[PDB]
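Asker: Submitted below is the structure of interest, expressed as structure tokens.
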Amino acid sequence: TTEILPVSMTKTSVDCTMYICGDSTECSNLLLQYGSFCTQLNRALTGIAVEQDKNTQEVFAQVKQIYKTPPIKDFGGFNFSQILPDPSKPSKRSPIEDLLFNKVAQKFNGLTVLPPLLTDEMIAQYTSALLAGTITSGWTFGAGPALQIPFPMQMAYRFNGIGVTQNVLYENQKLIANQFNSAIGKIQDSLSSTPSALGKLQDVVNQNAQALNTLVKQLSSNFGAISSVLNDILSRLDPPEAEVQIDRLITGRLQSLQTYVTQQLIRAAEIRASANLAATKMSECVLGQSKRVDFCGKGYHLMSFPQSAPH
Amino acid sequence: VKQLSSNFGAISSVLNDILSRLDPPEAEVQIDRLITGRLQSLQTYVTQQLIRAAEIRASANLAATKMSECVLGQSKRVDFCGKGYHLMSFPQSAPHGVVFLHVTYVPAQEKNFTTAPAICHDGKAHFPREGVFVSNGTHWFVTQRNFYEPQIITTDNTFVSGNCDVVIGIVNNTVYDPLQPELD
Amino acid sequence: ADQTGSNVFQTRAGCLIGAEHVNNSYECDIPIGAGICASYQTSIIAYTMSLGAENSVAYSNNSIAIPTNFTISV
Ligand SMILES: *[C@@H]1O[C@H](CO)[C@@H](O)[C@H](O)[C@H]1NC(C)=O
Ligand SMILES: *[C@@H]1O[C@H](CO)[C@@H](O)[C@H](O)[C@H]1NC(C)=O
Ligand SMILES: *[C@@H]1O[C@H](CO)[C@@H](O)[C@H](O)[C@H]1NC(C)=O
Ligand SMILES: *[C@@H]1O[C@H](CO)[C@@H](O)[C@H](O)[C@H]1NC(C)=O
Ligand SMILES: *[C@@H]1O[C@H](CO)[C@@H](O)[C@H](O)[C@H]1NC(C)=O
């Protein structure tokens with residue numbers, strides 16, 4: 001089967017003074033009398049940004065070392081070429097990780113988009129150490145030192161853990177290998193076709209883009225003032241009478257910035273609940289065999305494999 | 001507390017100073033700027049505490065799960081309680097939290113052997129009940145998977161099922177019969 | 001101008017001044033971004049973080065590794 005979980009979202013950092021005022025000294029001076037609303041917003045949006053780099057660490061960085069699969073690929077008939085990294089292609093992403101990356105820093109009014117600490121060529125190298133260490137070791141590399149074992153022999157432990165003896169595998173080893181190969185083969189087709197397969201990762205990106213559009217598209221609202229441009233209010237109004245009109249845009253834009261940060265704090269707690277389930281699904285199903293019903297798949301769990309998606 | 005000293009657009013941040021030097025009709029238009037400002041400073045505090053109190057309620061639900069499943073039992077879930085094979089756990093109380101001391105079992109000092117899926121004796125494939133087949137270069141033994149304790153191969157630790165033709169990698173070796181030597 | 005120099009180095013996250021680039025790779029000490037980390041080893045240095053010690057299990061179709069001891073970890 002296949003289960004797609006989002007683990008992190010984009011790390012944005014909106015600055016008030018450039019957003020609310022935007023190079024106006026008169027506006028900026030009126031802003032310090034509101035106290036520290038905006039030392040709060042920067043602090044809030046920074047706690048969200050350093051979570052997204054902790055969500056990725058706890059999911060992928062499960063292995064102490066970087067294990068390598070042997071150059072000769074003879075795993076008893078099982079064929080892992082669809083999940084193993086492709087040497088020919090420049091980015092070393094496996095054939096299934098290529099679909100997941102093709103199916104799913106902008107300057108603006110104070111908006112910044114910080115880059116993630118782990119590049120996608122480092123995330124796709126944790127997922128090939130967690131996957132080339134579960135092929136050559138089993139569950140033994142998540143407990144202590146990695147202990148090699150033949151795959152048709154560490155797959156007969158996994159029948160032995162679901163209540164099926166070892167005879168059923170060694171006597172049906174060639175049939176089971178074909179069923180595993182063709183099952184992996186149809187995973188790529190389902191993702192390639194059906195243009196809603198990812199789904200869960202897309203709605204996270206769309207919701208983060210709708211939030212920024214509503215924030216930017218609300219810098220052109222009067223909020224009760226005569227104009228949405230500070231320059232016009234300063235240019236054609238006498239200063240003590242422009243003071244009251246600027247203060248209307250201050251309170252309007254400061255409220256449009258607070259609802260943005262508030263819904264991101266609520267949204268960042270949804271991803272942390274999905275970045276904590278993916279760290280649990282990696283520990284309990286990739287680094288072992290799970291007895292929990294329907295936790296990993298619909299059936300009696302045998303093994304699981306991680307593949308990295310953009311977020 | 002530090003934001004009780006902000007004008008919020010009013011002439012001052014002290015209610016005593018505004019009431020002293022302003023008339024009642026236009027004092028109210030300066031109090032409202034403090035009413036609105038101090039009210040908004042209390043809503044953003046309560047709102048972030050509602051979000052912050054739901055982070056603790058998720059760690060206080062994980063700590064109650066770790067107590068029930070690891071202190072009041074032995075866990076089979078991987079990496080749930082420590083890095084290793086869980087044995088037992090002990091709770092210690094911290095001021096605003098709990099500390100778990102996870103006793104685990106970490107294997108060490110591994111050495112590598114040669115295996116076989118089965119062993120063909122008398123034209124019948126023999127698979128082990130619990131453990132693996134290993135060879136120390138010359139002789140074949142049945143040892144448990146998580147600790148090297150080799151034993152000779154008898155019919156008490158192996159179960160027979162099928163023929164020697166279907167298994168890929170079956171080896172030829174003798175499976176000692178525990179009762180035949182002591183017959184009569 | 002808080003103090004543009006000679007150790008000018010361009011990162012993807014920005015561009016870093018005052019830290020020299022080395023071609024090695026260490027464990028991440030101070031995360032800068034886009035795979036770049038900084039550390040103090042004497043001057044400030046800026047490198048690309050190392051994911052972990054390289055390893056390669058000696059896989060073979062008729063070989064297993066079985067532990068002969070253990071360790072109790074708290
Ligand atoms: C694995 O399957 C692919 C087709 O998806 C095939 O090209 C490849 O040869 C197979 N692996 C081996 C070792 O034959
Ligand atoms: C595996 O065992 C063989 C002999 O049994 C030995 O020569 C080889 O070095 C071992 N491989 C290791 C320890 O990685
Ligand atoms: C292997 O085990 C047998 C049985 O205990 C022993 O006689 C022998 O010395 C061991 N080593 C080798 C290399 O056969
Ligand atoms: C292991 O692979 C070798 C080829 O490298 C082959 O000759 C041998 O029969 C294989 N052993 C098993 C048990 O499949
Ligand atoms: C590092 O590599 C670059 C080119 O890859 C080279 O110019 C430089 O001399 C090397 N050493 C240091 C210390 O930068």
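Note: ideal-geometry Cβ built from the backbone for every residue, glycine included; neighbour counts use all protein chains shown. Derivation of every value follows stated rules applied to the coordinates shown; laboratory data play no part.
Asker: Enumerate the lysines that residue A:217 could reach by cross-link, defined here as Cα to Cα under 16 Å, with residues fewer than 8 away along the same chain left out.
Answerer: A:107
Asker: Within 10 Å of each Cβ in peptide A:220-231, how many partner chain Cβ atoms are there on average? Round it to a whole number, please.
Answerer: Mean partner shielding for this stretch: 0.
Asker: Which ordering of A:139, B:140 is given by a fewest-first count of other beta-carbon atoms within 10 Å?
Answerer: A:139, B:140
Asker: If you filter the stretch A:177-271 for trypsin sites (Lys or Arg not before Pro), then keep DSSP loop positions with at most 11 other Cβ within 10 Å, what is left?
Answerer: Sites meeting the loop and neighbour criteria: A:217.
Asker: Suppose every K and R has +1 on its Cβ and every D and E has -1 on its Cβ; what is the size of the dipole of the protein assembly as shown about the Cα centre, in Debye to the nearest 20?
Answerer: Approximately 540 debye in magnitude.
Asker: Quick one: order A:229, B:171, A:7, B:29 by neighbouring beta-carbon count within 10 Å, fewest to most.
Answerer: Ascending number of Cβ neighbours within 10 Å: B:29, A:229, B:171, A:7.
Asker: Which whole-number percentage describes the relative contact order of chain B, with Cα contacts under 8 Å and a sequence gap of 6 or more?
Answerer: 12 percent
Asker: Right, something else. For the stretch A:6-70 and the stretch B:136-163, what is the separation of their Cα centres, given in Å?
Answerer: Between the Cα centre of the stretch A:6-70 and that of the stretch B:136-163, the gap is 58 Å.
Asker: Sticking with this structure for a sec: Against the longest alpha carbon principal axis of chain B, how many degrees, from 0 to 90 and to the nearest 10, is the axis of helix B:24-66 turned?
Answerer: Roughly 10 degrees between the two axes.
Asker: Using Cβ counts within 10 Å as a stand-in for footprinting exposure, how do A:194, A:119 rank, fewest first?
Answerer: A:194, A:119
Asker: Let me ask another. How much mean residue ellipticity at 222 nm does the protein assembly as shown get from its helices, if each DSSP H run of length 4 or more adds -39500 (n - 2.57) and you divide by all residues, to the nearest 500 deg cm²/dmol?
Answerer: -11000 deg cm²/dmol
Asker: While we're here: So what's the gap between the Cα centers of the stretch A:155-196 and the stretch B:59-127, to the nearest angstrom?
Answerer: If you average the Cα positions of each part, the centres end up 27 Å apart.
Asker: On to the next question. So how many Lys-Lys pairs in the stretch B:45-184 land under 26 Å Cα to Cα, not counting same-chain pairs under 8 apart?
Answerer: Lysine pairs meeting the criterion: 4.
Asker: Which loop GluC sites (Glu not before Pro) in the stretch B:60-139, with loop taken from DSSP, have no more than 13 other Cβ atoms within 10 angstrom of their Cβ?
Answerer: Qualifying residues, ordered by number: B:130.
Asker: In the stretch A:9-90, what trypsin sites (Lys or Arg not before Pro) fall in a loop by DSSP, with at most 13 other Cβ atoms inside 10 Å?
Answerer: Listed in order of number, the matching sites are A:73.
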